[PDB]
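> Mind looking over this structure? Questions follow.
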Amino acid sequence: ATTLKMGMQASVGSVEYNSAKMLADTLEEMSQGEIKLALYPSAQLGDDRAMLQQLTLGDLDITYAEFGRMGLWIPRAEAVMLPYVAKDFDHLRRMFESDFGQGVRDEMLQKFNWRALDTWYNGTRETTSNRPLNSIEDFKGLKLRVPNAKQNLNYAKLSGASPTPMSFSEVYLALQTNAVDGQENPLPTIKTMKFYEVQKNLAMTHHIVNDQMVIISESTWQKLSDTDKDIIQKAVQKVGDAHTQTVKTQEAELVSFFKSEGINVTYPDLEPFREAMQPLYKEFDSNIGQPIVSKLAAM
Ligand SMILES: CC(=O)N[C@H]1[C@H]([C@H](O)[C@H](O)CO)O[C@](O)(C(=O)O)C[C@@H]1O
C-alpha cells in the first residue's frame with residue numbers, strides 16, 4: 001500500500017483542498033486501496049517554494065505550483081506570469097503545451113526532479129482594498145499585500161501601489177488590523193479565506209491568470225509501478241476537469257455573492273494597467289535577449 005504525501009498552502013474548505021481530497025478518494029478507489037494520499041494543507045510544510053524544494057529533495061511527493069512560479073529557477077518561465085500577458089486559462093494552456101512549455105517542463109524534470117502531470121485553472125487574480133479602486137490612479141500609495149512573488153510585486157509597484165510581500169497565512173490578520181490596505185487573489189480564494197469580511201471593495205483588475213500544476217517528484221514517480229503511474233495520471237486529469245470547471249463557475253457567481261455581502265465591486269479600465277506594464281515587458285525581453293513576451297502574448 002503506497003502512501004504518497006501531498007502538501008498545499010490552501011486550507012480545508014478551499015477548492016484546492018477539495019480537489020486534492022477528491023484525488024485521494026479517486027486514487028484509493030481506482031487502486032482498490034493500494035495508493036493512498038495523505039494531505040498536508042494550510043502551509044504546515046511551508047509555502048509553495050518550500051514544498052517544491054521538498055519534492056526535489058525527496059521528503060514530499062506531490063504539490064501544487066503555477067507554471068509561472070517555475071521562473072524562480074527557470075527564468076524564462078517567469079514570463080507567463082507577467083501581469084496581463086496570459087489572457088485566460090486556455091491561453092496559459094497553449095503556453096504550457098507549446099514547444100516553449102515542453103522545454104520548461106523538461107528542464108523542471110531533469111534539473112529539479114519535478115514532473116508536471118497536468119495544470120488546472122486556479123482563477124484570475126482580482127484586487128481587494130479598504131477604499132475603492134476605480135482606476136489605476138487610485139492605486140497610488142495603496143499598501144497592497146502581495147505574495148513572495150516578483151510579478152505580483154511588479155503589478156503592485158508599476159501601478160503606483162506600495163507592495164508589501166507577506167505569507168498567505170498572515171493576510172487575513174494584516175487586513176483586519178489594517179497593517180495593509182488590500183491584497184490580490186482569485187475570487188474563490190477571497191471567498192474561502194474570508195478576505196471579503198475585512199475588505200469593503202473588490203476591483204476586477206484581472207491582472208494575473210493562475211494555473212495550478214500538479215507536480216510529482218520524479219524520484220517518487222520512478223518508484224511507482226507503471227500501472228500506478230497510469231492511475232495517477234488519469235485521476236489527476238479527471239479531477240482537473242472538475243477543478244477547472246468549479247473555479248470557472250465560482251468566479252462567475254462569486255461577484256453576486258460579494259455584492260450580496262455589501263462589497264463594492266469596481267471595473268477599472270484595464271488599458272492603463274497594460275500600458276503601465278510596458279517597461280516591465282521590455283526589461284524582461286531585453287534581459288533575456290529575445291522577444292519572449294511578444295510571442296507568448298500572441299500564442
Ligand atoms: C500553489 C500555491 O501555493 N499558490 C499560492 C499562490 C502562489 O504562491 C503565488 O501566486 C505565486 O505563484 O499565492 C497565493 O495566492 C497567495 O499567497 O496569495 C496563495 C496560493 O495558494
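Letters A, B, ... mark the chains of the C-alpha cells in the order given; residue numbers begin at 1 per chain; ligand numbers begin at 1, in order shown.
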Enumerate, in order of chain and increasing residue number, the residues of chain A with an atom no farther than 7 Å from ligand 1, each with its shortest atom pair and distance in Å to one decimal, counting only C-alpha atoms and all ligand atoms, as a tab-separated table.


```
residue	atom	partner	partner_atom_place_in_ligand_line	distance
A:8	CA	ligand 1	3 (O)	6.0
A:9	CA	ligand 1	21 (O)	4.9
A:10	CA	ligand 1	21 (O)	4.9
A:47	CA	ligand 1	3 (O)	6.1
A:48	CA	ligand 1	3 (O)	4.3
A:64	CA	ligand 1	1 (C)	4.5
A:65	CA	ligand 1	1 (C)	4.0
A:66	CA	ligand 1	12 (O)	5.3
A:68	CA	ligand 1	12 (O)	6.5
A:69	CA	ligand 1	12 (O)	4.7
A:146	CA	ligand 1	18 (O)	6.6
A:147	CA	ligand 1	17 (O)	4.5
A:148	CA	ligand 1	11 (C)	6.9
A:149	CA	ligand 1	11 (C)	5.2
A:167	CA	ligand 1	17 (O)	5.9
A:168	CA	ligand 1	17 (O)	4.0
A:184	CA	ligand 1	18 (O)	6.7
A:185	CA	ligand 1	15 (O)	5.4
A:210	CA	ligand 1	10 (O)	6.6
A:212	CA	ligand 1	1 (C)	6.3
```

> For the residues in that selection, give me C-alpha atoms as a PDB file, in the first residue's frame.


```pdb
ATOM      1  CA  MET A   8      -0.544  22.744  -0.271  1.00  0.00           C
ATOM      2  CA  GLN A   9      -0.809  26.206   1.141  1.00  0.00           C
ATOM      3  CA  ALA A  10      -4.570  26.191   0.619  1.00  0.00           C
ATOM      4  CA  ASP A  47       4.945  27.801   1.240  1.00  0.00           C
ATOM      5  CA  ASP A  48       4.905  26.529  -2.311  1.00  0.00           C
ATOM      6  CA  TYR A  64       0.782  22.458  -6.421  1.00  0.00           C
ATOM      7  CA  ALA A  65       2.567  25.250  -8.280  1.00  0.00           C
ATOM      8  CA  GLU A  66       1.813  27.723 -11.036  1.00  0.00           C
ATOM      9  CA  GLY A  68       4.999  30.927 -13.865  1.00  0.00           C
ATOM     10  CA  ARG A  69       6.367  30.070 -10.369  1.00  0.00           C
ATOM     11  CA  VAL A 146       1.481  40.565  -2.392  1.00  0.00           C
ATOM     12  CA  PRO A 147       2.849  37.037  -2.044  1.00  0.00           C
ATOM     13  CA  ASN A 148       6.578  36.454  -2.161  1.00  0.00           C
ATOM     14  CA  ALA A 149       6.399  36.536  -5.945  1.00  0.00           C
ATOM     15  CA  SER A 167       2.997  34.914   3.543  1.00  0.00           C
ATOM     16  CA  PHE A 168      -0.535  33.809   2.673  1.00  0.00           C
ATOM     17  CA  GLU A 184      -4.878  40.356  -4.641  1.00  0.00           C
ATOM     18  CA  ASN A 185      -6.142  36.818  -5.266  1.00  0.00           C
ATOM     19  CA  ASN A 210      -3.211  31.490 -12.171  1.00  0.00           C
ATOM     20  CA  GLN A 212      -2.095  25.202 -10.970  1.00  0.00           C
TER      21      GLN A 212
END
```

> List every residue of stretch 39-261 of chain A that DSSP, applied to the backbone of this structure, places in alpha helix (DSSP H), and write the result as a PyMOL selection string.

chain A and resi 48-57+89-97+99-112+150-158+171-176+187-192+218-221+226-260

> Keeping only C-alpha atoms, write the selected residues to a file as a PDB file, in the first residue's frame.


```pdb
ATOM      1  CA  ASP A  48       4.905  26.529  -2.311  1.00  0.00           C
ATOM      2  CA  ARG A  49       8.592  27.363  -2.759  1.00  0.00           C
ATOM      3  CA  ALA A  50       9.492  25.229   0.304  1.00  0.00           C
ATOM      4  CA  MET A  51       7.247  22.368  -0.755  1.00  0.00           C
ATOM      5  CA  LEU A  52       8.702  22.314  -4.278  1.00  0.00           C
ATOM      6  CA  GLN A  53      12.104  22.019  -2.690  1.00  0.00           C
ATOM      7  CA  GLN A  54      10.835  19.127  -0.564  1.00  0.00           C
ATOM      8  CA  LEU A  55       9.820  17.336  -3.805  1.00  0.00           C
ATOM      9  CA  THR A  56      13.329  17.896  -5.160  1.00  0.00           C
ATOM     10  CA  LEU A  57      14.958  16.561  -2.023  1.00  0.00           C
ATOM     11  CA  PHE A  89      -6.659  29.756 -18.890  1.00  0.00           C
ATOM     12  CA  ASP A  90      -6.839  28.378 -22.441  1.00  0.00           C
ATOM     13  CA  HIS A  91      -4.050  30.798 -23.431  1.00  0.00           C
ATOM     14  CA  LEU A  92      -1.946  29.652 -20.443  1.00  0.00           C
ATOM     15  CA  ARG A  93      -2.569  26.010 -21.504  1.00  0.00           C
ATOM     16  CA  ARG A  94      -1.351  26.805 -25.021  1.00  0.00           C
ATOM     17  CA  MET A  95       1.826  28.172 -23.417  1.00  0.00           C
ATOM     18  CA  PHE A  96       2.131  25.029 -21.247  1.00  0.00           C
ATOM     19  CA  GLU A  97       1.655  22.645 -24.193  1.00  0.00           C
ATOM     20  CA  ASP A  99       7.401  23.799 -27.535  1.00  0.00           C
ATOM     21  CA  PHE A 100       8.310  26.566 -25.064  1.00  0.00           C
ATOM     22  CA  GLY A 101       6.269  24.916 -22.325  1.00  0.00           C
ATOM     23  CA  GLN A 102       7.626  21.453 -23.100  1.00  0.00           C
ATOM     24  CA  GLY A 103      11.163  22.834 -22.785  1.00  0.00           C
ATOM     25  CA  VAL A 104      10.403  24.256 -19.354  1.00  0.00           C
ATOM     26  CA  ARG A 105       8.742  21.046 -18.250  1.00  0.00           C
ATOM     27  CA  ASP A 106      11.761  19.063 -19.470  1.00  0.00           C
ATOM     28  CA  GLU A 107      14.077  21.348 -17.504  1.00  0.00           C
ATOM     29  CA  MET A 108      11.820  21.021 -14.470  1.00  0.00           C
ATOM     30  CA  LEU A 109      12.212  17.260 -14.709  1.00  0.00           C
ATOM     31  CA  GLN A 110      15.910  16.909 -15.472  1.00  0.00           C
ATOM     32  CA  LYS A 111      17.267  19.629 -13.156  1.00  0.00           C
ATOM     33  CA  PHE A 112      14.751  19.825 -10.336  1.00  0.00           C
ATOM     34  CA  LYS A 150       8.144  39.118  -8.126  1.00  0.00           C
ATOM     35  CA  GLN A 151       5.417  39.514 -10.744  1.00  0.00           C
ATOM     36  CA  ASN A 152       2.727  40.202  -8.143  1.00  0.00           C
ATOM     37  CA  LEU A 153       5.053  42.742  -6.612  1.00  0.00           C
ATOM     38  CA  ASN A 154       5.639  44.295 -10.049  1.00  0.00           C
ATOM     39  CA  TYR A 155       1.916  44.539 -10.717  1.00  0.00           C
ATOM     40  CA  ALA A 156       1.541  46.483  -7.475  1.00  0.00           C
ATOM     41  CA  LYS A 157       4.659  48.618  -7.938  1.00  0.00           C
ATOM     42  CA  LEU A 158       4.131  49.616 -11.556  1.00  0.00           C
ATOM     43  CA  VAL A 171      -3.037  38.073   5.131  1.00  0.00           C
ATOM     44  CA  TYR A 172      -6.342  37.979   6.989  1.00  0.00           C
ATOM     45  CA  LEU A 173      -4.882  39.374  10.192  1.00  0.00           C
ATOM     46  CA  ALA A 174      -2.950  42.009   8.257  1.00  0.00           C
ATOM     47  CA  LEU A 175      -6.163  43.184   6.536  1.00  0.00           C
ATOM     48  CA  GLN A 176      -8.203  43.075   9.780  1.00  0.00           C
ATOM     49  CA  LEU A 187     -12.289  35.128  -6.197  1.00  0.00           C
ATOM     50  CA  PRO A 188     -12.593  31.560  -4.836  1.00  0.00           C
ATOM     51  CA  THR A 189      -9.563  32.242  -2.624  1.00  0.00           C
ATOM     52  CA  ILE A 190     -11.011  35.561  -1.444  1.00  0.00           C
ATOM     53  CA  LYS A 191     -14.185  33.656  -0.507  1.00  0.00           C
ATOM     54  CA  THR A 192     -12.548  30.695   1.245  1.00  0.00           C
ATOM     55  CA  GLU A 218      10.448  12.285 -10.271  1.00  0.00           C
ATOM     56  CA  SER A 219      12.137  10.146  -7.640  1.00  0.00           C
ATOM     57  CA  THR A 220       8.703   9.116  -6.387  1.00  0.00           C
ATOM     58  CA  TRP A 221       7.389   8.682  -9.924  1.00  0.00           C
ATOM     59  CA  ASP A 226       3.625   1.919 -14.400  1.00  0.00           C
ATOM     60  CA  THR A 227       0.094   0.792 -13.522  1.00  0.00           C
ATOM     61  CA  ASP A 228       0.097   3.220 -10.578  1.00  0.00           C
ATOM     62  CA  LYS A 229       1.559   5.892 -12.859  1.00  0.00           C
ATOM     63  CA  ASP A 230      -1.377   5.427 -15.211  1.00  0.00           C
ATOM     64  CA  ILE A 231      -3.979   5.510 -12.426  1.00  0.00           C
ATOM     65  CA  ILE A 232      -2.468   8.743 -11.069  1.00  0.00           C
ATOM     66  CA  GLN A 233      -2.269  10.406 -14.481  1.00  0.00           C
ATOM     67  CA  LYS A 234      -5.886   9.521 -15.247  1.00  0.00           C
ATOM     68  CA  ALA A 235      -7.129  10.560 -11.802  1.00  0.00           C
ATOM     69  CA  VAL A 236      -5.274  13.891 -11.954  1.00  0.00           C
ATOM     70  CA  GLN A 237      -6.752  14.700 -15.327  1.00  0.00           C
ATOM     71  CA  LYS A 238     -10.298  13.813 -14.310  1.00  0.00           C
ATOM     72  CA  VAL A 239     -10.103  15.732 -11.054  1.00  0.00           C
ATOM     73  CA  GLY A 240      -8.515  18.581 -13.021  1.00  0.00           C
ATOM     74  CA  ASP A 241     -11.564  18.848 -15.246  1.00  0.00           C
ATOM     75  CA  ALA A 242     -13.747  19.130 -12.132  1.00  0.00           C
ATOM     76  CA  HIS A 243     -11.392  21.654 -10.505  1.00  0.00           C
ATOM     77  CA  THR A 244     -11.165  23.877 -13.585  1.00  0.00           C
ATOM     78  CA  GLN A 245     -14.926  23.801 -14.161  1.00  0.00           C
ATOM     79  CA  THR A 246     -15.589  24.523 -10.475  1.00  0.00           C
ATOM     80  CA  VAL A 247     -13.240  27.505 -10.434  1.00  0.00           C
ATOM     81  CA  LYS A 248     -14.785  28.848 -13.638  1.00  0.00           C
ATOM     82  CA  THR A 249     -18.321  28.518 -12.211  1.00  0.00           C
ATOM     83  CA  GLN A 250     -17.415  30.001  -8.831  1.00  0.00           C
ATOM     84  CA  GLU A 251     -15.502  33.026 -10.275  1.00  0.00           C
ATOM     85  CA  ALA A 252     -18.738  33.865 -12.065  1.00  0.00           C
ATOM     86  CA  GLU A 253     -21.242  33.610  -9.285  1.00  0.00           C
ATOM     87  CA  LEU A 254     -18.967  34.973  -6.549  1.00  0.00           C
ATOM     88  CA  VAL A 255     -19.389  38.543  -7.809  1.00  0.00           C
ATOM     89  CA  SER A 256     -23.091  38.217  -6.984  1.00  0.00           C
ATOM     90  CA  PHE A 257     -22.203  36.744  -3.575  1.00  0.00           C
ATOM     91  CA  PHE A 258     -19.766  39.544  -2.712  1.00  0.00           C
ATOM     92  CA  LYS A 259     -22.301  42.189  -3.728  1.00  0.00           C
ATOM     93  CA  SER A 260     -24.892  40.491  -1.525  1.00  0.00           C
TER      94      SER A 260
END
```

> Between atom CA of residue A:268 and atom CA of residue A:186, what distance in Å does the model show, to one decimal?

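According to the coordinates, atom CA of residue A:268 and atom CA of residue A:186 are separated by 16.5 Å.
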
> Neighbouring residues of residue A:159 were defined as those with any atom within 10 Å, considering only C-alpha atoms; residues of the same chain fewer than 6 positions away were excluded. Please report them as a PDB file with N, CA and C atoms, in the first residue's frame.


```pdb
ATOM      1  N   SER A 135      -9.858  53.281 -10.803  1.00  0.00           N
ATOM      2  CA  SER A 135      -8.958  53.384 -11.946  1.00  0.00           C
ATOM      3  C   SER A 135      -7.583  53.219 -11.408  1.00  0.00           C
ATOM      4  N   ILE A 136      -6.638  53.022 -12.329  1.00  0.00           N
ATOM      5  CA  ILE A 136      -5.229  52.919 -11.924  1.00  0.00           C
ATOM      6  C   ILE A 136      -4.759  54.079 -11.069  1.00  0.00           C
ATOM      7  N   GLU A 137      -5.311  55.296 -11.258  1.00  0.00           N
ATOM      8  CA  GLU A 137      -4.843  56.435 -10.444  1.00  0.00           C
ATOM      9  C   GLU A 137      -5.153  56.240  -8.950  1.00  0.00           C
ATOM     10  N   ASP A 138      -6.115  55.391  -8.610  1.00  0.00           N
ATOM     11  CA  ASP A 138      -6.405  55.178  -7.192  1.00  0.00           C
ATOM     12  C   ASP A 138      -5.341  54.344  -6.510  1.00  0.00           C
ATOM     13  N   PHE A 139      -4.435  53.713  -7.251  1.00  0.00           N
ATOM     14  CA  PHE A 139      -3.552  52.741  -6.581  1.00  0.00           C
ATOM     15  C   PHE A 139      -2.426  53.432  -5.857  1.00  0.00           C
ATOM     16  N   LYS A 140      -2.235  54.740  -6.142  1.00  0.00           N
ATOM     17  CA  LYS A 140      -1.058  55.445  -5.681  1.00  0.00           C
ATOM     18  C   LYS A 140      -1.004  55.317  -4.160  1.00  0.00           C
ATOM     19  N   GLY A 141       0.115  54.737  -3.687  1.00  0.00           N
ATOM     20  CA  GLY A 141       0.351  54.564  -2.286  1.00  0.00           C
ATOM     21  C   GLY A 141      -0.410  53.455  -1.579  1.00  0.00           C
ATOM     22  N   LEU A 142      -1.311  52.743  -2.262  1.00  0.00           N
ATOM     23  CA  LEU A 142      -2.032  51.655  -1.592  1.00  0.00           C
ATOM     24  C   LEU A 142      -1.034  50.689  -0.997  1.00  0.00           C
ATOM     25  N   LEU A 153       4.468  41.494  -7.062  1.00  0.00           N
ATOM     26  CA  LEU A 153       5.053  42.742  -6.612  1.00  0.00           C
ATOM     27  C   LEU A 153       5.135  43.766  -7.743  1.00  0.00           C
ATOM     28  N   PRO A 272      -4.982  51.165 -19.132  1.00  0.00           N
ATOM     29  CA  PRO A 272      -3.880  51.872 -18.449  1.00  0.00           C
ATOM     30  C   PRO A 272      -2.999  50.948 -17.634  1.00  0.00           C
ATOM     31  N   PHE A 273      -3.539  49.833 -17.108  1.00  0.00           N
ATOM     32  CA  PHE A 273      -2.718  48.857 -16.396  1.00  0.00           C
ATOM     33  C   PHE A 273      -1.777  48.184 -17.358  1.00  0.00           C
ATOM     34  N   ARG A 274      -2.276  47.799 -18.539  1.00  0.00           N
ATOM     35  CA  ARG A 274      -1.384  47.197 -19.527  1.00  0.00           C
ATOM     36  C   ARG A 274      -0.309  48.188 -19.955  1.00  0.00           C
ATOM     37  N   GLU A 275      -0.691  49.446 -20.257  1.00  0.00           N
ATOM     38  CA  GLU A 275       0.314  50.395 -20.631  1.00  0.00           C
ATOM     39  C   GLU A 275       1.348  50.523 -19.511  1.00  0.00           C
ATOM     40  N   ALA A 276       0.905  50.475 -18.223  1.00  0.00           N
ATOM     41  CA  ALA A 276       1.891  50.660 -17.149  1.00  0.00           C
ATOM     42  C   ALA A 276       2.881  49.508 -17.057  1.00  0.00           C
ATOM     43  N   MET A 277       2.521  48.323 -17.584  1.00  0.00           N
ATOM     44  CA  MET A 277       3.424  47.165 -17.598  1.00  0.00           C
ATOM     45  C   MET A 277       4.475  47.183 -18.698  1.00  0.00           C
TER      46      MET A 277
END
```

> For residue A:129, which residue among A:12, A:6, A:80, A:144 is the nearest when counting only C-alpha atoms?

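The closest residue to residue A:129 is A:144.
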
> Between A:161, A:79, A:1, A:203, single out the one closest to residue A:127, counting only C-alpha atoms.

A:203

> I need the residues in stretch 81-140 of chain A that are strand (DSSP E or B) according to DSSP; give them as a list in words.

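Secondary structure check on stretch 81-140 of chain A, strand (DSSP E or B): residues 114, 115, 116, 117, 118, 119, 120, 121, 122, 123, 124, 125, 126, 127, 128 and 129 of chain A.
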
> Closest to residue A:178 among A:265, A:198, A:86, A:193, using only C-alpha atoms?

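Between A:265, A:198, A:86, A:193, the residue approaching residue A:178 most closely is A:198.
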
> Select, from A:61, A:126, A:16, A:28, the residue with the minimum atom-to-atom distance to residue A:182, counting only C-alpha atoms.

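Counting only C-alpha atoms, the residue closest to residue A:182 is A:126.
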
> Grab the atom CA of residue A:217 to atom CA of residue A:118 distance for me, in Å with one decimal place.

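For atom CA of residue A:217 relative to atom CA of residue A:118, the distance reads 13.4 Å.
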